[PDB]
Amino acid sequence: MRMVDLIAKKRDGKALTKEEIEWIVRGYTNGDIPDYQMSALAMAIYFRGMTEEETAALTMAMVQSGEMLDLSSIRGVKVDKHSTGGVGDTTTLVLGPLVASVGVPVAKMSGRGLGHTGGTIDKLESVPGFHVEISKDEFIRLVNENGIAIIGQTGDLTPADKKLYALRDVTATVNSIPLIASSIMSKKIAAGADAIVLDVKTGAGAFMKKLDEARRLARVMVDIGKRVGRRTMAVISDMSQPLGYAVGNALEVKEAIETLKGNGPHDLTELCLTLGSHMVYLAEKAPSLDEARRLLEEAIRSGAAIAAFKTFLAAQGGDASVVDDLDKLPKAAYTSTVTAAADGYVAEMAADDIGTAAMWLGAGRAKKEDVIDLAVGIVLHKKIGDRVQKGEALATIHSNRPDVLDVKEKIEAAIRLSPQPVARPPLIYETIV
C-alpha cells in the first residue's frame, strides 16, 4: 500500500476504506508517512470531503492512537459538553455549575483560545489561583467529591489529533467538516463520559458559516457517538453575533456570575437552560426535559447554582470571594465607547470582527505561545434587531492602553444599521437527538 495512491483516491473523489484510513493514521503518528504527504491529503479532503462512514473510521483511528480514560470509578451517568467554537461563548462557565447543583456528574475537559475565538480555559484563569492542569487521578476525585471538574485537555489522549491539528493550522486546512468532527469526537470518546451534549455554532463567528454546513456537522458527530454507545445529542445555535454582551475573560466570568444569580442576558440564560435540560435528562436526574428545566430554574432562584460555582472555584485553587465581590477580578485601566452613526435598527454585528477586535485588545492570541491580558475585552450594549439613536453607545472597550483606534475601527467594521426594523435571528436553529 502506498500513501500516494490513497491521496490520489481522495483527490479523484473516491471513498477510502476503514483499513486504508487506519493504515494512514498509524503511519502518520509513528512517522512513516511524512507531513508533506499528510498535508496534501488534508487539502484533498478540504475539497472532496468524506462520507459519514469515512469520518467515523477517521475518528476511531485517532482514538486508537492514544489511551482511553476509565471513569467507572465515578458512579452514575457522567455527562460531557462541547462547543465547536465561538465569540463571547460564556456557556460552559454557567452550564457546568448549574447542572452539577442538581446532582449531575460533570466530567469536562476544555481548550484555550486562538485567533478570533475564545477558550474556557483562558476565561477560568482570570479567577485568582485557579488551576487547570489536572491529572487523571485528581480529575476523578474532583468529580466524585463536588460533582464537577473543568480541566485542561491533558496531553496523553489522542496523540494523532494533536499532531494533525498542528499540521492543519499551518496548511490552511482547519475548516473542514470531516476534520473538525473527527477532531472533537475523538477527544470526547477518549475522555470517557457516558453522555455528550454538543453545541454546534453557525454564522460569522463560527467555522461553519452556513446553516446547511452546521446541520451536516452536528449530524455526523451525533452519529459518531451513537456508534460507540455514547448518548450523544446536539443543538445548532446562533453565532452571527456574539452570545450575551461580554467578550473576553474576566468580563465573561462576571457575566457568568450575574447569570447564575438570575440577572444575566436573555440569550445566554435561554441557551444554558436548554442545553442544561438535556444534560440533566440524559444523566437520568429528571423524568423529562420539562421537569429537568424546572429543577435548573429552581436551582438558580434558590441560590444553589451560585453556591455550586464557589465550591467549583475553591476546589481547583480559585479564590471564591470574587463572586460577591467582582472587584477582585482583573480590571482594565481604560474604558471608551463606539457610538451609533445614525438612528435605526442594528442589522449586523459580525462576531468574527468583534472577536478579532478583542484579540487585538489583548484578550486573545495570534499564536499558541502568546500571553493573554485577562482584564481586557469588549462589552456590547445592543444586539441585532435593537433600535438605536444617533450618538448612542453600541459597545464599550475595556483596555490597558489609551491608544485603541485599531480596535475601535474593527468594531465599526462589524456594525451595519438599517432605517427599518430588522428580523432577529433564531437563538436555536434545531436540535438533533
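Note that residue numbering begins at 1 and tracks the sequence as displayed.
Annotation for 296 to 304 versus 275 to 283: the higher mean temperature factor (C-alpha) is found in 296 to 304. Between the stretches 149 to 157 and 220 to 228, it is 149 to 157 that shows the larger average CA temperature factor. Reading the B-factor column for the CA atoms of 1, 427, 432, 7 in the entry, the top value corresponds to 1. Of the candidates 30, 39, 59, 399, the PDB record gives 30 the highest C-alpha temperature factor. The entry lists a Cα temperature factor for residue 373 that places it in the highest third of the chain's modelled residues. Ranked within its chain, residue 199 lands in the middle third, by CA B factor from the PDB record. Residue-level temperature factors show residue 309 in the middle third of its chain, judged at the C-alpha atom. Among the modelled residues of its chain, residue 334 has a C-alpha B-factor that falls in the lowest third, as given in the PDB entry.
Per the PDB record, residue ranking by Cα B-factor puts residue 50 in the lowest third of the chain.
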